[PDB]
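Architecture at a glance
Residues per chain are reported as follows:
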Amino acid sequence: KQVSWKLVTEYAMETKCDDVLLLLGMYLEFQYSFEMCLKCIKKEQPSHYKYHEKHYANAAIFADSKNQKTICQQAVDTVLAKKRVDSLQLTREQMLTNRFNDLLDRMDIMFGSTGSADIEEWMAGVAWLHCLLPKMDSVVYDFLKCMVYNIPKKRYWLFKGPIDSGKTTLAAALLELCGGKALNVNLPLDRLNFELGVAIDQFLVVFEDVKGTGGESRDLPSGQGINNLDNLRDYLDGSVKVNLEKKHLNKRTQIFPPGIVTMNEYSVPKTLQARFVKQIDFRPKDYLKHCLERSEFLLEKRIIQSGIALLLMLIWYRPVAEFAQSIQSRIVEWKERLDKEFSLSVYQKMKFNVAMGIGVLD
Amino acid sequence: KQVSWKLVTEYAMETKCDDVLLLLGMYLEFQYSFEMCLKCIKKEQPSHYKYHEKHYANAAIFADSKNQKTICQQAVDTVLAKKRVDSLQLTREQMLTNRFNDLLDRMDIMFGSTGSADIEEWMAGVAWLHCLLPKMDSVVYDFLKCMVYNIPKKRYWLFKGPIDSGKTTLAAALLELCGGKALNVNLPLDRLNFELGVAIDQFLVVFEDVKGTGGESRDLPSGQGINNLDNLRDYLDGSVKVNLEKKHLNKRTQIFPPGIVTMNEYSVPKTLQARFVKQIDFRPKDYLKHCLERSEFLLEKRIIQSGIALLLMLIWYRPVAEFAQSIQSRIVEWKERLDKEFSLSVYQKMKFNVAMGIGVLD
Amino acid sequence: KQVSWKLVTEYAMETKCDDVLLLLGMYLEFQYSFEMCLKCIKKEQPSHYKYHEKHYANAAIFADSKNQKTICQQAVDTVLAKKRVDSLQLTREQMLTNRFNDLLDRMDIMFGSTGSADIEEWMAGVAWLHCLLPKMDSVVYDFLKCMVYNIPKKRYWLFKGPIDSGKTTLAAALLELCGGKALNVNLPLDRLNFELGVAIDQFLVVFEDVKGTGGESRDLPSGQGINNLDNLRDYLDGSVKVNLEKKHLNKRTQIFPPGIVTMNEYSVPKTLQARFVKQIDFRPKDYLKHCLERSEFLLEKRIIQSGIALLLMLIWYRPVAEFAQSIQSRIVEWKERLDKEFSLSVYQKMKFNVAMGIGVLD
Amino acid sequence: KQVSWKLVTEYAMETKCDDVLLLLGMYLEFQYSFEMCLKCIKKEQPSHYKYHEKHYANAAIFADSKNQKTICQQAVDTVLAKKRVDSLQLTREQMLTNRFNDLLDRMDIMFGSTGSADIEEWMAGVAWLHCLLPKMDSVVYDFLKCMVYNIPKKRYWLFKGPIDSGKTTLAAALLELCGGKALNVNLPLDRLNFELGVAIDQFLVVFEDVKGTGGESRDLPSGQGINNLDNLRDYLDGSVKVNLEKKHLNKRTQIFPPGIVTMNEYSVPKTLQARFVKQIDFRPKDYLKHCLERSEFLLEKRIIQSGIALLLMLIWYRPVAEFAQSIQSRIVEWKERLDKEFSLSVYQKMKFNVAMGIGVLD
Amino acid sequence: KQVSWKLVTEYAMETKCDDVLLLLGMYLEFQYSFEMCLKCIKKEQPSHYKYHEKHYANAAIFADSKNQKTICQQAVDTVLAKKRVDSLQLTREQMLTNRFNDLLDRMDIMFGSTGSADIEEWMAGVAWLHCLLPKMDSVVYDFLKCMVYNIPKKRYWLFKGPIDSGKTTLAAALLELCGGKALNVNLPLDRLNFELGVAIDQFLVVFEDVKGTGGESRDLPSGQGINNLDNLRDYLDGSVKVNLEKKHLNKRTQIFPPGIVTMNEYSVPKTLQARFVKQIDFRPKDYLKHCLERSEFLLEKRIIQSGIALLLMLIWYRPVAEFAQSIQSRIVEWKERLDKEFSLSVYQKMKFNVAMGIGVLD
DNA sequence: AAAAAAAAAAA
DNA sequence: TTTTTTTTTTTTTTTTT
Ligand SMILES: Nc1ncnc2c1ncn2[C@@H]1O[C@H](COP(=O)(O)OP(=O)(O)OP(=O)(O)O)[C@@H](O)[C@H]1O
Ligand SMILES: Nc1ncnc2c1ncn2[C@@H]1O[C@H](COP(=O)(O)OP(=O)(O)OP(=O)(O)O)[C@@H](O)[C@H]1O
Ligand SMILES: Nc1ncnc2c1ncn2[C@@H]1O[C@H](COP(=O)(O)OP(=O)(O)OP(=O)(O)O)[C@@H](O)[C@H]1O
Ligand SMILES: Nc1ncnc2c1ncn2[C@@H]1O[C@H](COP(=O)(O)OP(=O)(O)OP(=O)(O)O)[C@@H](O)[C@H]1O
Ligand SMILES: Nc1ncnc2c1ncn2[C@@H]1O[C@H](COP(=O)(O)OP(=O)(O)OP(=O)(O)O)[C@@H](O)[C@H]1O
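Sequence-order numbering is used: residues on each chain count from 1 as written, possibly diverging from the entry numbering, and only residues with coordinates are shown. Chain letters start at A and ligand numbers start at 1, both assigned in the order the entries are written. Reported quantities concern only the chains on display, which constitute a fraction of a larger assembly. With hydrogens and water stripped out, all remaining heavy atoms of the structure feed into the side-chain values.

A few points about the overall build of chain A
- In terms of regular secondary structure, chain A is built from 19 helices and seven strands.
- Dimensions along the principal axes, computed over C-alpha positions, put chain A at roughly 75 × 55 × 40 Å.
- Counting only residues that meet the buried cut, chain A has 53% of its 362 residues in that class.
- A separation of at least 24 residues holds for 73% of the contacts in chain A among residues at least 6 apart in sequence. In DSSP terms, a helix is any run of H or I states spanning at least four residues, a strand is any run of E spanning at least two, and both are numbered starting from the N terminus. Each residue gets one of three labels from its accessible area relative to the maximum for its type: buried under 20%, exposed over 50%, partly exposed in between, using a 1.4 Å probe on protein chains only. Contacts: residue pairs with any heavy atoms within 4.5 Å of one another.

What about the sheet that holds strand β6 (residues 259-263) of chain C?
All names here are of chain C.
- Taken in spatial order, the five strands line up as β2-β3-β6-β1-β7 in an open sheet, and their pairing is parallel. Both outer strands of the open sheet, β2 (181-183) and β7 (278-281), are each paired with one neighbouring strand and no more. This sheet shows a mean twist of 20 degrees between the axes of neighbouring strands, independent of strand direction.
- Between any two strands, pairing holds if DSSP finds at least two bridges. Pairing between strand β3 (residues 205-207) and β6: three bridges, direction parallel. Bridged to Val205 within β6 is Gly259.
- Axis lines are fitted to C-alpha atoms, over the contacting stretch for helices. Their N-to-C directions set the angle, which ranges from 0 to 180 degrees. Lying over the sheet, helix α9 (residues 136-149) contacts β1 (156-160), β6 and β7, oriented at roughly 145 degrees with respect to β1.
- Here helix α10 (residues 167-178) sits on the sheet and contacts β1, β2, β3 and β6; the angle it forms with β1, its principal contact strand, is near 150 degrees.

Brief notes about the protein's contact with DNA strand G
- One heavy atom suffices: a residue is near a molecule or strand as soon as one of its heavy atoms comes within 4 Å of it. By nearness alone, 27 residues border DNA strand G, and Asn67(A), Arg191(B), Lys247(C), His248(D) and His248(E) come closest of all.
- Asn67(A) places a side-chain nitrogen or oxygen 2.9 Å from a phosphate oxygen of DNA strand G.
- Going through the elements one at a time, α11 (189-195) of chain A, α11 (189-195) of chain B together with α11 (189-195) of chain D are the ones with two or more residues in the surface near DNA strand G.
- As a working rule, the residues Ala, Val, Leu, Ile, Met, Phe, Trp, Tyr, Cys and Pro are called nonpolar, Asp, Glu, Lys and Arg charged, and the rest polar, with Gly in that last group. In the surface near DNA strand G, the residues fall into five nonpolar, nine polar and 13 charged. Polar contact is the term for a pair of N or O atoms within 3.5 Å; when the atoms are in protein, one must be able to donate a hydrogen and the other to accept it, and sequence-neighboring residues count only if both atoms are side-chain atoms.

What to know about the protein's contact with DNA strand F
- What surrounds DNA strand F is the set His248(A), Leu249(A), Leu249(C), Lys66(D), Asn67(D) and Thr70(E).
- Here the atoms of DNA strand F within 4 Å of the protein split so that 91% fall in sugar or phosphate, with bases taking the remainder.
- At 2.9 Å, a side-chain N or O of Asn67(D) approaches a phosphate oxygen of DNA strand F.
- The side chain of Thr70(E) places a nitrogen or oxygen atom 2.4 Å from a phosphate oxygen of DNA strand F.
- Looking at the surface near DNA strand F residue by residue, the classes come out as two nonpolar, three polar and one charged.

What to know about the state of the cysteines
- We call a pair of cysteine sulfur atoms a disulfide when they lie within 2.5 Å. Applying the stated criterion to the full structure yields zero disulfides over all chains.
- For the unlinked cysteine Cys131(A), the closest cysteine sulfur is that of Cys291(A), found at 8.1 Å.
- Summary of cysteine pairing: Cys72(D) is not part of a disulfide, and the nearest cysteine sulfur, belonging to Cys17(D), is at 9.4 Å.

Thoughts on the site of ligand 3
- Not every one of the 17 residues close to ligand 3 is listed here, only the nearest: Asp164(C), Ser165(C), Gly166(C), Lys167(C) and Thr169(C).
- Ligand 3 sits at a junction of chains, with neighbouring residues supplied by chains C and D.
- One nitrogen or oxygen atom from the side chain of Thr169(C) is found 2.6 Å from an oxygen atom belonging to ligand 3.
- Surface accessibility in these figures is a Shrake-Rupley result with a 1.4 Å probe; residues are shielded only by whichever protein chains are displayed. In isolation ligand 3 offers 630 Å² of accessible surface; the protein chains occlude 90% of this area.
- Looking at the shell around ligand 3, the elements that each hand over two or more residues are α10 and α15 (286-293) of chain C.
- With three residues, α10(C) is the largest single contributor of residues to the shell around ligand 3.
- The class makeup of the residues in the shell around ligand 3 is six nonpolar, four polar and seven charged.

Here we look at the interface of chain C and chain A
- The partner chain A presents 33 residues to the 32 residues of chain C that form the contact.
- Put simply, buried area is how much 1.4 Å-probe accessible surface two parts lose in total, over both of them, once they are put together. Carbon and sulfur atoms supply 48% of the area that chain C and chain A bury against each other, a total of about 2,900 Å² over both sides.
- The term salt bridge refers to a pairing of a side-chain nitrogen on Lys or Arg with a carboxyl oxygen on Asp or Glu at a separation within 4 Å. Joining chain C to chain A, the criterion identifies nine salt bridges.
- Measuring nitrogen to oxygen at the nearest pair gives 2.8 Å for the salt bridge that ties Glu300(A) to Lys154(C).
- On inspection of chain C and its partner chain A, the count reaches 18 residue pairs in polar contact.
- Counting residues per element, the ones that place at least two in the side of chain C that touches chain A are α1 (5-15), α6 (68-89) and α11 (192-196) of chain C.
- Among the elements that line the side of chain C that touches chain A, the one with the most residues is α6(C), at nine residues.
- For the side of chain C that touches chain A, the per-class residue count stands at eleven nonpolar, 13 polar and eight charged.

What about the nonpolar core?
Residue and element names in this part refer to chain B.
- Within the largest apolar cluster, 72 residues are counted, with the highest numbers of intra-cluster contacts made by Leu177 and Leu312.
- If one sorts the elements of this core by residue count, helix α8 (residues 119-132) sits on top with ten residues.
- Not counting the four nearest positions on each side in its chain, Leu177 is found in contact with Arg99, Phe100, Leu103, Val140, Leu144, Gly307, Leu310, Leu311 and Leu314. We define a nonpolar core as any set of buried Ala, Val, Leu, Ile, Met, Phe, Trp, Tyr and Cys residues linked to one another through side-chain atoms lying within 4.5 Å.

A look at the environment of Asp237(D)
Residue and element names in this part refer to chain D.
- When you line up the elements, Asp237 lands in helix α13 (residues 233-237).
- For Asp237, a relative accessible area of 7% puts it in the buried group.
- With 83 residues separating them along the chain, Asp237 and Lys154 place their C-alpha atoms 7.4 Å apart.
- Residue contacts for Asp237: discarding those within four places in its chain leaves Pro152, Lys153, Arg155 and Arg275.

Here we look at the interface of chain A and chain B
- Contacts between the two partners involve 43 residues from chain A and, on the opposite side, 49 residues from chain B.
- Buried area between chain A and chain B, both sides added, is near 4,000 Å², and the carbon and sulfur share of it is 51%.
- Per-residue buried area on chain A facing chain B is highest for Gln89(A), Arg233(A) and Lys270(A); these three make up 13% of the total on that side.
- The shortest N-O distance in the salt bridge between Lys211(B) and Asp230(A) comes to 2.8 Å.
- On the surface where chain A and chain B come into contact, there are 23 residue pairs in polar contact.
- Elements with a minimum of two residues in the side of chain A that touches chain B: α1 (5-15), α6 (68-89), α11, α13 (233-237), β5 (252-254) and α14 (270-273) of chain A.
- A per-element tally of the side of chain A that touches chain B places α6(A) first, with eight residues.
- Across the side of chain A that touches chain B, the residue classes break down as 13 nonpolar, 16 polar and 14 charged.

Topic: the UniProt feature "binding site: ATP" in chain A
Residues and elements named next belong to chain A.
- Feature annotation in UniProt assigns "binding site: ATP" to the following positions: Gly161, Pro162, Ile163, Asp164, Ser165, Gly166, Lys167 and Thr168.
- The buried category is assigned to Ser165, whose relative accessible area is 7%.
- Residues in contact with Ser165, not counting those within four places in the same chain, are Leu132, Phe282, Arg283 and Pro284.
- One polar contact links the side chain of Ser165 to the main-chain carbonyl oxygen of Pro162, over a distance of 2.6 Å.
- Relative to the elements of secondary structure, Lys167 occurs in helix α10 (residues 167-178).
- Exposure remark for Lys167: the relative accessible area of 9% places this residue in the buried category.
- Sequence-distant contacts of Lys167, defined by excluding residues within four places in its chain, comprise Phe159, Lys160, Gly161, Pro162, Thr262, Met263, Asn264 and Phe282.
- Within the local environment of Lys167, its side chain forms a polar contact with the backbone oxygen of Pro162, the two atoms lying 2.8 Å apart. UniProt positions are given in the numbering used here, feature names are shortened, and annotations may be inferred rather than shown by experiment.

Notes on the packing of helix α1 (residues 5-15) of chain D against helix α5 (residues 52-64) of chain D
Residues and elements named next belong to chain D.
- The contact between α1 and α5 brings their axes to 10 Å, and the two run at 125 degrees. By the criterion of interaxial angle, the relationship of α1 to α5 is oblique. Viewed along their axes, α1 and α5 form a crossing whose handedness is left-handed. Listed contacts from α5 to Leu7, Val8, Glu10 and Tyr11 of α1 are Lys54, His55, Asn58 and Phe62. We call two directions roughly parallel when the angle between them is under 35 degrees, roughly antiparallel when it is over 145, roughly perpendicular when it lies between 65 and 115, and oblique otherwise. By convention, the crossing between two helices is left-handed when the near helix turns anticlockwise from the far helix through less than a right angle, and right-handed when the turn is clockwise.

Regarding the relation of the copies chain A and chain B
- At an RMSD of 0.7 Å, chain A and chain B line up after a rotation of 59 degrees and a shift of 1.6 Å along the axis. Look at the turn and shift together and you get a six-fold axis relating the two. Rotation axis and chain A: the residue whose C-alpha lies nearest the axis is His248(A), separated from it by 7.2 Å.
- Interface overlap between copies is the fraction of interface residues in one copy that are interface residues in the other; for chain A against chain B it is only 7%, indicating separate surfaces. Least-squares superposition on C-alpha atoms places the copies onto one another.

A word on the site of ligand 2
Residues and elements named next belong to chain B.
- Taken together, 17 residues surround ligand 2, and among them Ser165, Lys167, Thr168, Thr169 and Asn264 come closest.
- Separating an oxygen atom of ligand 2 from a backbone N or O atom of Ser165 is a distance of 2.6 Å.
- Burial of ligand 2 by the protein chains amounts to 92% of its free accessible area of 640 Å².
- Tallying contributions element by element places helix α10 (residues 167-178) first for the shell around ligand 2, with three residues.
- Partitioned by chemical class, the residues of the shell around ligand 2 number six nonpolar, five polar and six charged.

Quick notes on the layout of surface pockets
- For the second largest pocket, the calculated volume is near 1,400 Å³.
- In this analysis the probe radius is 1.4 Å and the grid spacing 1 Å, with only protein atoms considered; a cavity is a set of points the probe fits into but cannot get out of, a pocket is an open set with protein on both sides within 12 Å along at least five of seven lines, and lining residues have an atom within 4 Å of a point. For the second largest pocket, the lining is made up of 44 residues, of which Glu29(C), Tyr32(C), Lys39(C), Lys82(D) and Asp86(D) are closest to its centre.
- Only α2 (20-29) and α3 (38-41) of chain C together with α1, α6 (68-89) and α7 (92-110) of chain D provide two or more residues apiece to the lining of the second largest pocket.
- Here the lining of the second largest pocket gets seven residues from one element, more than from any other, and that element is α6(D).
- Split by residue class, the lining of the second largest pocket holds 13 nonpolar, 19 polar and twelve charged. Grid points are joined across faces, edges and corners, and a volume is the space filled by probe spheres set on the points.

Written out as structure tokens, the structure reads:
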């Protein structure tokens, strides 16, 4: 009896695999009998234990095939083909709505009865983050609104300030919240042409730690970042489709993503300054540090950088009407949950503790 | 039973798919029955809902085949094959006439009863654009003639002027009106060879914000853009064919397309300056800036940037005698439609508001 | 009869062959009759003599196949596919636990009846190393915890001291104990791109002798090393992901590995000094030097550089309960063996011989 | 009847063909009748005349076959696979023993019945070289043992002496005997990254003309090489692995090979001076020069630069028990030949003529 | 019935054809009936008219094949394989025997066809060169034999003279006779590696305008040429192999080729000068100058530079015994042409007119 | 190493 | 011929600047 190419394609679609070796590596695990399957007993990985029963009968045949890498290749290209259609035909609202469903699915695991997290530590993360900037949840909401409208020449924000001011702590959380990739523009220009190739089909990009010339009297290291970035004006604008490439691939033509620039206290050319909507100044304020010194778990679990900490902050602060009508049901249930197993008096004490510079928890 | 490779080729022709992953992604949607297809019920995308019921019977087989990507490759190469025949056998007037049918079809949907657009917003865009330059409709019509006649060494216009003067805004609209590609020449020569390969078989190219040198006396940073164009003079001239290249493909030999160069106010070597038929000086106009701030929908929906906002200008201002006979029927009908939905009083009111920096609607 | 592709895949999986020519080479040795196989009689290589008896009947057919390169490719693909899954799904504790029992397989061969390692010389290596630093087994064991937990900021160690003090001796041993690779960031910036590319998917990295720029008056040649680490703050801290590339490969994104920095007694900026959880100072010791002169086999057999010498140290000194539960039973057998082949008076006599430099075995 | 792919592979194995065109060419020579084969009559090439008898029957079928290039590719891959296994599993003793067999095979033909070489001139070469340094045969034998054991910090020998003193001559002969490469460390540190990449998988390296600072009292030209070696201590010491880089390839990790350093009478830093097991003082000897003036065939036939001259010296001077037990049979044979080709008195008369500075054959 | 691939392979070998499209085109011509074939009846090309009748019956089938480029690939590889079998075993005298046999195929163009310049002014070339140096033809033959034997230390000739001294014309002539390449050594040490890498796999080199020091003594310019070439002793003497570098490539090891050095009247250091076999002084000769002033065609038809004029000299002056056996027949077949077309007296008129200072006449 | 396309085995 | 299976090989990227 023949192997089904269809079932391998379906598994790749449900799992969203788009690496041929990962798909091959996963699907070969199903060749062993389900009854004895130690991974299905321990239930370590859902990408295994949800599917082994369904696929065992086909995987036992696949294990004897001579085609194994070409079977997986068709499956992976089917997943990429879907991902390419969705990139052209969804609105940016639907893209973000899908991302929030993915984060909510993670949260439903992380805080499930099998989950390793617990909410007070993540909610302390929300309490610390809401002290990093005034009206923080409005700043996040304005950012998402900006990244969705993608208005030409009005679609990049600048984060500027001293070192150890939380710029990339925040920018990394916004980047996980939306999905996207960080870029380094300080390269020699000959290689920069491949760095921008990372941006293809991303919803968002972050230009991190752009270095200028001058400012050495401020003890800033010099660098070419600002000078390189100033060549990319039509990439920032989004007024026209730019041409993007990867090693051994012919150029894609598409509008460059919106996003963020994070910078220390260099000077900036007017040709760039005209292309940022908003500049947010970050400045150091030691109680946030004293708090982190006295309650470290925020760093050790990477809670403070995580986009899920921002999603919890939005679920906490924002009205239900500000989300997509498709997703409101899940968000109301999460609002009910957070009002049930957490309390406003606790939150107020947490935010007070951060402002006092003591460690957050009791 | 077996897949009809012909039906897949036919669908790619009817929708002009020239990417394999896109064609594969689209054609796999037709697996499910049109009798309950939610995308058909919503009528969300015409390249789906017009075709699903026709192709369902074949796609149900295509989903089982072991060589799907090859079937799509022959289809995509057929589309590119026809596309190359047309580029050699049609006159430039006929090519433009096809493009105008494409825009008019998109308009007939976009302003149809199923369409989203309200024409009053777009005609406000026409009013704003007509304030951008003196005799704007004459400038656009003169540009079209220039791009059609393609006269040797008389093929490029220079858009020059300071920041936020509209150079990119108009260039992007004309680029959509004709169809074409933007090109970045600020990169170094070593990989510039693969950028120019994007111009193969295009009707226009646009060179965007070509960085000059010595502009620092006005705080404009220097770059290689002008130095690079001064090495491509035979490409601009169009007197003789040139050789154009894509990764892993052998060189095409053709005459390079005509187009636009956009610049901020650097100086230009006379060797290069001789290539330009015309220079247009753009300058910022305070009332135009004020106007958009009371009518931001023009930017959010990218109206003033679109080619359709120029096509509606031509339909409004120009005599029917200025269009190719094959479309004069449609253009008369569109003149008649606008003569029902508008009156000169409304359009004069819009212009008067723009000239005062008032909101365009009222 | 026809070749079993499955048996070739088993042999690749057991041997962990991921090189197609090596697998083709090994598997072709099996075609000769096992009864006369000199390579088996002499037990020269376990990758041969364990398996030849099993696979002979299949290799005799494989030797006549016309497809041999494909059969070895699919086998090698299967091994690489398993490495992908393990890399993405094991915990760092499981990674190190596998790496330990992999070293125990080497020890079981080395000290077996068929092996060639004199355990007394290796145990003298343990004695010499335990005299290199105070509380050496704690220094090693605390390092392992640090590399497993990978807590941001608290995840790099500094080794500093004069030339000829044991720094790379210990760092090379830790590299074998844990896996990982050495790096040399004394280059100029323009090739750091491919140098840092070595770190992809490594459990550790070691920065080998990063030179300072100042202090050369102590006969300390100036170099770029520490100035480059100042520019790698984010790679060290490990709070956020970074992009890495290899020649001819597209970039991959991951958190940079934890590790060690080693240097001569240069000065260091405090902006970098804050990034080390601990610093170890190494100093020359005449008794160790005179011991090495009188116990040369330690060098000539590369004992003190090896990770197995540190694993023997951990087996000797640490309590069983703090190894991972999977491996504890195998470690108990090794403790019992070492308590059979040695006693505390003998081991103390070796330490005492080192402490006076007389040479270990007397 | 059908082509035996195995028999084609067997010919490639016995001939050590790495080249698929050379193998295709060589194997097609066998298609013509053996009875009349001019090459089998004159017996010029053993790779033909040993094998044409055997393969003729198969080569006839091969000449009609359509797959000819494919059959050769599998054969060549089998030879490459065998070479990679050996490279990972042989001991240095066996690797050297293979080279001696290759040199003896080459000797057996060049001094065979068709022998173009004259053994009297080659033994005059032995007599000349044995006068260049005292106890030369022990110098060669000790060097071989040193390069075979590859013991840490006991791996490099230093050749010092003026222009025209013999350093490059003996180094070239030892490179031919043992195999290896020559490196030029006098380059700027920029290029050394690709110099050292030549050492990958080599049995030896020789550093040529490693020039230093100072020496102007000897009118020596200054250079960087000595300072560069003083930095590369790990490559010399050989205690731990290093990373080696070729062009385009990614870095490989191995123990750097043992070798030789050659220089004029520069001053050597006391740090670098510790890296060498032994120093050899080469000195000009006018009587050897006057012998060469009267013995030009030694230079014109490149005898004294050859490795085979050293192998002849070892065969003459050393006892059979110093050779590897595999090859001792051929050594006995060659002694039993050489002891009747020459008397002791004839060899002493050569060595006497050299010492007199007379023509060696007089 | 079916296409014989072997017949296509025979035709490829008998025509020695080694381009797949050239072979495809020529073999397709045979598909037409030879009874009518105008290319045969006109006897245009032997590669057609010799073979058409034989291959017609096979080409009629080949014309219907779907594999035609496949069939021709195998035929071409058979020729390339045979070419490589020979090249690996070629003696250095046969290498030059080939070069002249090929130059005779080119000279057969002026044999019996009008497709060439008139030979009477080429013999005026022969006569003028034979007045430049004493016994000029011996100098060519002695040099030629010197380059064939490749005897170490006896490999380089030095041409010294001012401007307007003919030395460069003779060097260019010798270069074009032999097939080497010319190298520049006046560069800084930075650049010499890639210059020397030009010499890989090559018969000669020539060194041009190697500048000295102190040239202001005679208003000669200065550059590092002589200072550099003095260091290249191992490249010149040819006693041992050297490794040579092309850009973007790994090194190759070979014995650097013999050649010519051309130099102005600078001071040459004895340490360099001793490496030449022979110095030839070139000196200006006013009668030769007045001849070539009066016989412009010597220069303007390239005659005195073109190396084929040196063969044309050797062809006449030298015995038939001095040439290699496989071209002796071809020269004596050539020799009689000049013995029919010219006489000793008219050649002496050419010589006499050159010596008189007048153009060649009668 | 991936992409373009050829080249061969089994029905 | 038709379908399934195996193979060829380079270009690009890197190197050079
Ligand atoms: N406002 C603040 N005041 C004091 N300490 C801060 C503040 N924000 C962040 N920190 C501390 O700074 C550390 C580093 O933060 P982060 O990496 O976000 O800084 P950054 O200035 O954006 O850095 P970079 O430009 O190098 O990415 C945090 O882990 C936290 O301990
Ligand atoms: N002539 C104008 N006067 C005032 N505002 C303008 C004008 N043209 C455009 N704008 C505003 O400036 C924005 C940017 O315009 P645009 O990018 O086309 O200018 P540009 O002159 O091409 O600029 P740059 O040199 O920075 O690329 C527009 O979206 C619009 O909001
Ligand atoms: N504490 C010590 N005192 C004296 N000799 C030592 C000591 N530790 C090691 N040695 C010897 O000195 C050699 C040099 O030390 P090691 O190999 O670790 O290099 P290092 O000079 O300390 O490191 P690096 O080259 O990275 O600066 C060792 O290989 C060993 O032979
Ligand atoms: N001991 C010697 N005495 C005199 N002449 C010698 C001696 N050894 C070699 N020669 C001559 O010197 C020539 C150069 O010698 P060799 O190739 O060994 O280079 P070298 O002396 O090491 O010098 P360099 O540093 O220039 O490479 C030899 O070809 C030989 O003719
Ligand atoms: N013996 C001669 N006397 C006078 N003129 C000569 C003589 N030989 C050649 N000529 C003419 O002088 C020209 C210059 O000489 P040639 O081309 O050989 O260069 P060269 O003397 O080597 O000079 P340079 O070093 O400047 O290249 C020749 O091309 C030829 O026209």
